[PDB]
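query17.txt (compact mmCIF, C-alpha atoms and all ligand atoms)
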```
# COMPACT_ATOMS: atom_id res chain seq x y z
CA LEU T 1 -129.42 6.17 11.53
CA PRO T 2 -130.08 2.46 10.84
CA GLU T 3 -127.83 0.38 8.58
CA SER T 4 -130.81 -0.17 6.28
CA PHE T 5 -134.03 1.63 5.43
CA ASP T 6 -136.82 0.93 2.94
CA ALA T 7 -139.39 3.71 2.63
CA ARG T 8 -141.74 1.05 1.26
CA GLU T 9 -141.74 -0.85 4.57
CA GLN T 10 -141.53 2.22 6.81
CA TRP T 11 -144.69 3.81 5.40
CA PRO T 12 -147.08 0.88 4.61
CA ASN T 13 -149.99 3.26 4.06
CA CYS T 14 -148.38 4.91 1.05
CA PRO T 15 -148.49 2.46 -1.87
CA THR T 16 -147.12 5.05 -4.30
CA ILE T 17 -143.78 4.48 -2.57
CA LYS T 18 -143.61 0.97 -4.01
CA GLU T 19 -144.96 1.59 -7.51
CA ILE T 20 -142.88 1.99 -10.68
CA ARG T 21 -143.96 4.24 -13.53
CA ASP T 22 -142.91 4.37 -17.20
CA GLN T 23 -141.82 7.69 -18.72
CA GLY T 24 -142.28 6.20 -22.17
CA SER T 25 -140.30 7.45 -25.17
CA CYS T 26 -139.73 10.89 -23.67
CA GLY T 27 -136.81 12.35 -21.74
CA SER T 28 -139.10 13.19 -18.83
CA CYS T 29 -137.12 11.57 -15.99
CA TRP T 30 -136.75 14.93 -14.25
CA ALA T 31 -140.55 15.12 -14.02
CA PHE T 32 -141.01 11.51 -12.98
CA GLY T 33 -138.48 11.49 -10.15
CA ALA T 34 -140.28 14.60 -8.94
CA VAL T 35 -143.95 13.59 -9.11
CA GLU T 36 -143.17 10.15 -7.73
CA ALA T 37 -141.42 11.49 -4.62
CA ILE T 38 -143.94 14.30 -4.33
CA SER T 39 -146.68 11.65 -4.42
CA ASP T 40 -144.95 9.71 -1.65
CA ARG T 41 -144.56 12.84 0.46
CA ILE T 42 -148.13 14.08 0.07
CA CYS T 43 -149.05 10.70 1.53
CA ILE T 44 -146.38 10.71 4.24
CA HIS T 45 -147.20 14.24 5.40
CA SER T 46 -151.00 14.54 5.26
CA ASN T 47 -152.03 11.38 7.10
CA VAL T 50 -154.37 11.21 1.61
CA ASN T 51 -153.43 9.20 -1.48
CA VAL T 52 -152.85 10.98 -4.78
CA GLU T 53 -151.15 10.00 -8.03
CA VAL T 54 -149.45 13.30 -8.81
CA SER T 55 -149.70 13.88 -12.56
CA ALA T 56 -146.41 13.49 -14.42
CA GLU T 57 -148.28 15.00 -17.38
CA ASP T 58 -149.04 18.26 -15.57
CA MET T 59 -145.39 18.61 -14.55
CA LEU T 60 -143.93 17.54 -17.89
CA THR T 61 -146.19 19.75 -20.00
CA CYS T 62 -147.03 22.85 -17.96
CA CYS T 63 -143.92 23.84 -16.01
CA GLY T 64 -142.26 25.26 -19.12
CA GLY T 65 -138.86 26.93 -19.23
CA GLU T 66 -138.52 27.01 -15.45
CA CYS T 67 -138.02 23.22 -15.50
CA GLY T 68 -136.07 22.84 -18.70
CA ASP T 69 -137.21 21.47 -22.05
CA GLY T 70 -139.95 18.88 -21.51
CA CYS T 71 -139.13 15.59 -23.26
CA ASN T 72 -135.72 17.07 -24.02
CA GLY T 73 -134.73 17.06 -20.37
CA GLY T 74 -135.32 19.20 -17.33
CA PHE T 75 -134.02 20.28 -13.93
CA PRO T 76 -135.17 18.37 -10.84
CA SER T 77 -135.05 21.40 -8.51
CA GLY T 78 -137.06 23.27 -11.14
CA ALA T 79 -139.79 20.64 -10.95
CA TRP T 80 -140.16 20.96 -7.16
CA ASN T 81 -140.39 24.74 -7.58
CA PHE T 82 -143.31 24.34 -9.97
CA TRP T 83 -145.05 22.23 -7.32
CA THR T 84 -144.86 25.10 -4.82
CA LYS T 85 -145.70 27.82 -7.36
CA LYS T 86 -148.37 26.34 -9.63
CA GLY T 87 -149.08 23.09 -7.80
CA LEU T 88 -149.77 19.75 -9.50
CA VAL T 89 -153.03 17.99 -10.32
CA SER T 90 -153.60 14.26 -10.05
CA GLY T 91 -152.94 11.88 -12.92
CA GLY T 92 -152.23 8.19 -13.15
CA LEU T 93 -150.63 5.80 -15.63
CA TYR T 94 -151.15 5.85 -19.39
CA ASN T 95 -154.72 4.90 -20.32
CA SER T 96 -155.76 4.34 -16.69
CA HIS T 97 -158.27 7.21 -16.75
CA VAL T 98 -157.17 7.86 -13.18
CA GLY T 99 -157.09 11.45 -11.98
CA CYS T 100 -157.28 14.81 -13.71
CA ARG T 101 -154.42 14.24 -16.17
CA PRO T 102 -153.17 10.67 -16.78
CA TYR T 103 -149.84 10.32 -18.60
CA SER T 104 -150.36 10.56 -22.36
CA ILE T 105 -147.20 8.80 -23.53
CA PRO T 106 -147.46 5.00 -24.15
CA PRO T 107 -145.37 2.66 -21.98
CA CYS T 108 -142.57 0.89 -23.88
CA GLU T 109 -139.72 -1.62 -23.58
CA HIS T 110 -136.65 0.06 -22.09
CA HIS T 111 -133.56 -1.89 -23.20
CA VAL T 112 -135.38 -5.22 -22.71
CA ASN T 113 -137.65 -7.51 -24.72
CA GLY T 114 -141.33 -7.62 -23.83
CA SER T 115 -144.89 -7.42 -25.15
CA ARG T 116 -144.76 -3.63 -25.48
CA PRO T 117 -143.35 -1.65 -28.42
CA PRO T 118 -139.66 -0.80 -28.06
CA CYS T 119 -139.02 2.72 -26.75
CA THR T 120 -137.79 5.06 -29.49
CA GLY T 121 -136.52 7.82 -27.22
CA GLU T 122 -137.90 10.30 -29.74
CA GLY T 123 -141.11 11.67 -28.26
CA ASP T 124 -142.53 15.18 -28.40
CA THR T 125 -143.54 17.06 -25.29
CA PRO T 126 -147.36 16.96 -24.99
CA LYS T 127 -149.41 20.18 -24.78
CA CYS T 128 -150.00 21.96 -21.49
CA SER T 129 -153.77 21.58 -21.26
CA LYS T 130 -155.33 23.06 -18.14
CA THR T 131 -158.39 20.79 -18.19
CA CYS T 132 -159.09 17.42 -16.58
CA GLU T 133 -160.05 14.22 -18.35
CA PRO T 134 -163.76 13.98 -19.15
CA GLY T 135 -165.78 12.72 -16.21
CA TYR T 136 -163.26 13.78 -13.58
CA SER T 137 -163.94 16.23 -10.71
CA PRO T 138 -163.04 18.73 -9.43
CA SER T 139 -161.78 21.15 -12.07
CA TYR T 140 -158.14 21.50 -13.09
CA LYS T 141 -157.56 24.51 -10.85
CA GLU T 142 -159.27 22.84 -7.88
CA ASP T 143 -157.31 19.60 -8.26
CA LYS T 144 -154.01 21.41 -7.70
CA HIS T 145 -151.78 20.18 -4.88
CA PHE T 146 -149.20 22.67 -3.67
CA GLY T 147 -145.83 22.14 -2.06
CA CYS T 148 -144.94 24.65 0.63
CA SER T 149 -141.16 24.37 0.23
CA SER T 150 -138.60 23.30 -2.39
CA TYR T 151 -134.99 22.68 -1.39
CA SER T 152 -131.71 20.94 -2.19
CA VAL T 153 -129.99 18.46 0.12
CA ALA T 154 -126.19 18.72 0.35
CA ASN T 155 -123.83 16.22 -1.32
CA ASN T 156 -123.52 14.48 2.04
CA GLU T 157 -124.37 10.81 2.53
CA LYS T 158 -125.51 11.23 6.13
CA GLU T 159 -127.71 14.26 5.47
CA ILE T 160 -129.32 12.55 2.48
CA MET T 161 -130.10 9.54 4.68
CA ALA T 162 -131.48 11.76 7.46
CA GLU T 163 -133.70 13.55 4.93
CA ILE T 164 -135.14 10.28 3.61
CA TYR T 165 -135.37 8.81 7.10
CA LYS T 166 -137.38 11.78 8.33
CA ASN T 167 -139.29 13.22 5.38
CA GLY T 168 -139.47 10.40 2.84
CA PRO T 169 -138.16 9.67 -0.70
CA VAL T 170 -136.23 12.37 -2.52
CA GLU T 171 -135.33 12.97 -6.16
CA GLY T 172 -131.78 12.50 -7.38
CA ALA T 173 -129.76 12.39 -10.59
CA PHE T 174 -126.69 10.57 -11.87
CA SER T 175 -124.66 9.91 -15.01
CA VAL T 176 -125.99 6.92 -16.92
CA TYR T 177 -123.41 4.95 -18.90
CA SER T 178 -124.35 2.14 -21.31
CA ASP T 179 -123.49 -0.61 -18.82
CA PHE T 180 -126.30 0.61 -16.55
CA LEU T 181 -128.86 -0.12 -19.26
CA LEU T 182 -128.48 -3.87 -18.75
CA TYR T 183 -128.67 -3.78 -14.94
CA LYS T 184 -130.49 -6.79 -13.47
CA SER T 185 -129.50 -7.04 -9.80
CA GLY T 186 -126.84 -6.45 -7.17
CA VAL T 187 -125.19 -3.11 -6.43
CA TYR T 188 -124.47 -1.19 -9.62
CA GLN T 189 -121.00 0.26 -10.18
CA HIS T 190 -119.95 1.94 -13.44
CA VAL T 191 -117.11 0.02 -15.07
CA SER T 192 -117.63 0.46 -18.82
CA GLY T 193 -119.78 2.06 -21.49
CA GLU T 194 -120.36 5.43 -23.14
CA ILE T 195 -121.97 8.34 -21.29
CA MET T 196 -125.71 8.44 -22.05
CA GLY T 197 -126.37 11.61 -20.09
CA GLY T 198 -127.91 12.63 -16.79
CA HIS T 199 -130.81 10.64 -15.39
CA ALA T 200 -133.17 11.90 -12.70
CA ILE T 201 -134.62 9.25 -10.39
CA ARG T 202 -136.21 8.53 -7.03
CA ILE T 203 -134.18 7.40 -4.00
CA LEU T 204 -136.31 5.69 -1.34
CA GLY T 205 -133.84 3.98 0.97
CA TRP T 206 -130.46 2.37 1.41
CA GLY T 207 -128.72 -0.74 2.66
CA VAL T 208 -125.64 -2.93 2.50
CA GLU T 209 -125.28 -5.88 0.14
CA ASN T 210 -122.30 -8.17 0.71
CA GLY T 211 -120.41 -5.37 2.44
CA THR T 212 -121.23 -2.91 -0.35
CA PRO T 213 -123.33 0.11 0.74
CA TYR T 214 -126.07 1.17 -1.66
CA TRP T 215 -129.03 3.45 -2.36
CA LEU T 216 -132.43 1.87 -3.11
CA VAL T 217 -133.64 3.50 -6.33
CA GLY T 218 -136.85 3.52 -8.32
CA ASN T 219 -136.27 3.92 -12.05
CA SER T 220 -139.07 5.02 -14.37
CA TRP T 221 -138.60 2.42 -17.11
CA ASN T 222 -141.52 0.18 -16.14
CA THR T 223 -141.36 -3.01 -14.10
CA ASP T 224 -139.72 -5.39 -16.58
CA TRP T 225 -136.51 -3.35 -16.49
CA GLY T 226 -133.86 -4.11 -13.89
CA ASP T 227 -135.00 -5.51 -10.55
CA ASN T 228 -138.77 -5.03 -10.91
CA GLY T 229 -138.15 -1.43 -11.99
CA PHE T 230 -135.81 -0.73 -9.07
CA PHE T 231 -132.04 -0.91 -8.84
CA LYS T 232 -129.32 -0.50 -6.24
CA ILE T 233 -126.38 1.84 -6.75
CA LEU T 234 -123.09 2.27 -4.87
CA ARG T 235 -123.49 4.68 -1.94
CA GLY T 236 -121.00 6.89 -0.12
CA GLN T 237 -118.63 7.95 -2.88
CA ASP T 238 -120.87 10.15 -5.04
CA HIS T 239 -120.69 7.40 -7.67
CA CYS T 240 -121.79 8.81 -11.03
CA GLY T 241 -122.74 11.87 -9.00
CA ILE T 242 -125.65 10.02 -7.41
CA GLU T 243 -125.30 12.14 -4.25
CA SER T 244 -124.55 15.42 -6.03
CA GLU T 245 -128.03 16.62 -6.97
CA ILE T 246 -130.56 15.66 -4.28
CA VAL T 247 -133.74 17.77 -4.24
CA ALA T 248 -136.95 17.56 -2.22
CA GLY T 249 -139.70 19.62 -0.62
CA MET T 250 -142.60 19.59 1.82
CA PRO T 251 -146.34 19.61 1.05
CA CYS T 252 -148.52 22.40 2.42
CA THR T 253 -150.17 21.95 5.85
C1 LIG T 301 -133.71 12.20 -18.20
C2 LIG T 301 -134.11 10.95 -18.99
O1 LIG T 301 -135.31 10.78 -19.27
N1 LIG T 301 -133.11 10.11 -19.34
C3 LIG T 301 -133.28 8.83 -20.12
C4 LIG T 301 -131.95 8.42 -20.81
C5 LIG T 301 -130.75 8.33 -19.86
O2 LIG T 301 -132.80 13.30 -20.11
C6 LIG T 301 -133.71 13.51 -19.02
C7 LIG T 301 -133.32 14.76 -18.20
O3 LIG T 301 -134.21 15.42 -17.66
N2 LIG T 301 -132.00 15.07 -18.10
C8 LIG T 301 -131.46 16.43 -17.75
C9 LIG T 301 -130.69 16.99 -19.04
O4 LIG T 301 -129.90 16.20 -19.58
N3 LIG T 301 -130.85 18.28 -19.58
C10 LIG T 301 -131.77 19.31 -19.03
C11 LIG T 301 -131.58 20.51 -19.96
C12 LIG T 301 -131.01 19.91 -21.25
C13 LIG T 301 -130.10 18.76 -20.79
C14 LIG T 301 -128.59 19.15 -20.57
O5 LIG T 301 -127.88 19.55 -21.50
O6 LIG T 301 -128.19 19.00 -19.23
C15 LIG T 301 -126.84 19.32 -18.81
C16 LIG T 301 -126.87 20.22 -17.58
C17 LIG T 301 -126.26 19.77 -16.35
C18 LIG T 301 -126.28 20.61 -15.18
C19 LIG T 301 -126.91 21.91 -15.24
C20 LIG T 301 -127.52 22.37 -16.46
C21 LIG T 301 -127.50 21.53 -17.62
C22 LIG T 301 -130.49 16.31 -16.48
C23 LIG T 301 -129.88 17.70 -16.07
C24 LIG T 301 -131.19 15.76 -15.21
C25 LIG T 301 -130.66 14.43 -14.69
```
Could the structure of this file be written out as structure tokens, please?
Ligand SMILES: *[C@]1(C(=O)NCCC)O[C@@H]1C(=O)N[C@H](C(=O)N1CCC[C@H]1C(=O)OCc1ccccc1)[C@@H](C)CC
Amino acid sequence: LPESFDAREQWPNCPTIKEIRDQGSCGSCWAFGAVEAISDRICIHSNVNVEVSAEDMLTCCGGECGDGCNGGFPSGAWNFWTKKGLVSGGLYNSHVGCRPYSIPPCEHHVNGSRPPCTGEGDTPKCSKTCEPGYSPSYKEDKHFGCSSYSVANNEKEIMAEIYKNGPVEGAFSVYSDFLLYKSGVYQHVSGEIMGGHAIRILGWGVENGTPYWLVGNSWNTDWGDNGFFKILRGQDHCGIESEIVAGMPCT
């Protein structure tokens, strides 16, 4: 394994790998880390580009994935992909795909031209129809995963998984000091526990002797380092290596 690895540079034909989404004022990180990585993988292992709908995952998985905007379980999300599949859907108001995200983007712990996130958002309805004008139908726009699995809390195996099969979904404890992250390699030193946060890990590297994981947050691009952040790697910091899940697309 190389000292560094950026899925964005390794798979130039998969632009989803470099894009940052915005979960809005809804605790839907579990769904976002999932559809983002799933999007990357459909592209990696089918070479076709598809914006996997966060809306379909967030609203239709149900109990098997948790409680919608109230939080969910990453592994549960990948299961839904293999069982019910996911339709396409782009950003809020983009009219891209079968089911674009329906929750407005907002400012996540930063000032900007968007409304500030309120964290209090209701889970949207599970509607099995596509936006007007889109084709094919909801049922025919479904993309299925052929396997859902969990990678062990092992730095090397996690790297090998990313190296070989692409970005995976992870989760870690977010403390208040992470909210203000701007650059460098994040290490928890102070702040109250905010809860678990599911995200997308797409690579790793070493910055000034400090090993890290390259992560894509889902708080838009004006948060952190263009929506991404680096986090200490190798010591299960904030449990970043304790809940890695992934899967493979069919055929
Ligand atoms: C992710 C988010 O959008 N965070 C923004 C603010 C930091 O609150 C979102 C989420 O999906 N979190 C999950 C969660 O906290 N859950 C899921 C069920 C309810 C709630 C909970 O009480 O979880 C504790 C729990 C841990 C281990 C097993 C079962 C339950 C997180 C589990 C995912 C990172």
Check your understanding: Within 10 Å of (-141.4, 20.5, 4.0), in the coordinates the file gives, what residues turn up when you count only C-alpha atoms, written out as a ChimeraX atom specification?
Key -> /T:41,45,147-151,167,248-253
Enumerate residues in contact with ligand LIG 301 (chain T): an atom-to-atom distance of at most 7 Å, counting all atoms listed in the file. Format the result as a compact mmCIF listing (two decimals) with C-alpha atoms, in the frame of the given file.
```txt
# COMPACT_ATOMS: atom_id res chain seq x y z
CA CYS T 26 -139.73 10.89 -23.67
CA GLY T 27 -136.81 12.35 -21.74
CA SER T 28 -139.10 13.19 -18.83
CA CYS T 29 -137.12 11.57 -15.99
CA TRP T 30 -136.75 14.93 -14.25
CA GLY T 68 -136.07 22.84 -18.70
CA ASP T 69 -137.21 21.47 -22.05
CA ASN T 72 -135.72 17.07 -24.02
CA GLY T 73 -134.73 17.06 -20.37
CA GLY T 74 -135.32 19.20 -17.33
CA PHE T 75 -134.02 20.28 -13.93
CA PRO T 76 -135.17 18.37 -10.84
CA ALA T 173 -129.76 12.39 -10.59
CA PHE T 174 -126.69 10.57 -11.87
CA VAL T 176 -125.99 6.92 -16.92
CA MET T 196 -125.71 8.44 -22.05
CA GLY T 197 -126.37 11.61 -20.09
CA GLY T 198 -127.91 12.63 -16.79
CA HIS T 199 -130.81 10.64 -15.39
CA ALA T 200 -133.17 11.90 -12.70
```
Exercise for review: For a cut-off of 6 Å around (-131.5, 12.9, -8.8), file coordinates, pick out all residues using only C-alpha atoms and list them as a PyMOL selection string.
Suggested key: chain T and resi 171-173+200-201+245-246
Find the nearest atom pair between each residue of segment 59-136 of chain T and segment 216-223 of chain T for residues within 12 Å, count only C-alpha atoms, give distances in Å to one decimal, sort rows by chain and ascending number, and present the table as JSON lines.
```
{"residue": "T:93", "atom": "CA", "partner": "T:222", "partner_atom": "CA", "distance": 10.7}
{"residue": "T:94", "atom": "CA", "partner": "T:222", "partner_atom": "CA", "distance": 11.6}
{"residue": "T:106", "atom": "CA", "partner": "T:222", "partner_atom": "CA", "distance": 11.1}
{"residue": "T:107", "atom": "CA", "partner": "T:222", "partner_atom": "CA", "distance": 7.4}
{"residue": "T:108", "atom": "CA", "partner": "T:222", "partner_atom": "CA", "distance": 7.8}
{"residue": "T:109", "atom": "CA", "partner": "T:221", "partner_atom": "CA", "distance": 7.7}
{"residue": "T:110", "atom": "CA", "partner": "T:221", "partner_atom": "CA", "distance": 5.8}
{"residue": "T:111", "atom": "CA", "partner": "T:221", "partner_atom": "CA", "distance": 9.0}
{"residue": "T:112", "atom": "CA", "partner": "T:221", "partner_atom": "CA", "distance": 10.0}
{"residue": "T:114", "atom": "CA", "partner": "T:223", "partner_atom": "CA", "distance": 10.8}
{"residue": "T:116", "atom": "CA", "partner": "T:222", "partner_atom": "CA", "distance": 10.6}
{"residue": "T:118", "atom": "CA", "partner": "T:221", "partner_atom": "CA", "distance": 11.5}
{"residue": "T:119", "atom": "CA", "partner": "T:221", "partner_atom": "CA", "distance": 9.7}
{"residue": "T:121", "atom": "CA", "partner": "T:221", "partner_atom": "CA", "distance": 11.6}
```
Point to revise | Length of the atom CA of residue 235 of chain T to atom CA of residue 207 of chain T vector [Å] | key: 8.8 Å
Exercise for review: Skip residue 36 of chain T itself and residues of its chain fewer than 3 positions away, then list as a VMD selection string all residues within 12 Å of it, counting only C-alpha atoms.
Suggested key: chain T and resid 14 to 23 29 to 33 39 to 43 52 to 57 59 76 79 to 80 88 90 to 93 168 to 172 200 to 204 217 to 220 248
Study note, to complete from the structure: Restricting to all atoms listed in the file, whichever of T:187, T:247, T:7, T:100 is closest to residue 132 of chain T is T:100
Check your understanding: atom CA of residue 238 of chain T and atom CA of residue 63 of chain T are how many Å apart?
Key ->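 If I compute the distance from atom CA of residue 238 of chain T to atom CA of residue 63 of chain T, I get 29.0 Å.
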Practice item. Using atom CA of residue 205 of chain T and atom CA of residue 191 of chain T as the two end points, give the distance in Å to one decimal. Key: 23.5 Å
Review point. Which residues, written as a list in words, have at least one atom at most 7 Å from residue 179 of chain T, with all atoms listed in the file counted and residues fewer than 2 positions away on the same chain left out?
Key: residues 177, 181, 182, 190, 192 and 193 of chain T
Practice item. Pick out the residues sitting within 12 Å of residue 134 of chain T, and hand them over as an MDAnalysis selection string; count all atoms listed in the file, and ignore anything fewer than 2 positions along from it in its own chain. Key: chainID T and resid 97:102 131:132 136:140
Next, the residues of the selection above should be written as a CSV table (one decimal), in the frame of the given file with C-alpha atoms.
```csv
chain,number,residue,atom,x,y,z
T,97,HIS,CA,-158.3,7.2,-16.8
T,98,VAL,CA,-157.2,7.9,-13.2
T,99,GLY,CA,-157.1,11.4,-12.0
T,100,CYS,CA,-157.3,14.8,-13.7
T,101,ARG,CA,-154.4,14.2,-16.2
T,102,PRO,CA,-153.2,10.7,-16.8
T,131,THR,CA,-158.4,20.8,-18.2
T,132,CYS,CA,-159.1,17.4,-16.6
T,136,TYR,CA,-163.3,13.8,-13.6
T,137,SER,CA,-163.9,16.2,-10.7
T,138,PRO,CA,-163.0,18.7,-9.4
T,139,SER,CA,-161.8,21.2,-12.1
T,140,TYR,CA,-158.1,21.5,-13.1
```
Check your understanding: Taking only C-alpha atoms into account, which of T:227, T:11, T:178, T:215 comes nearest residue 47 of chain T?
Key ->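 Among the listed residues, T:11 lies closest to residue 47 of chain T.
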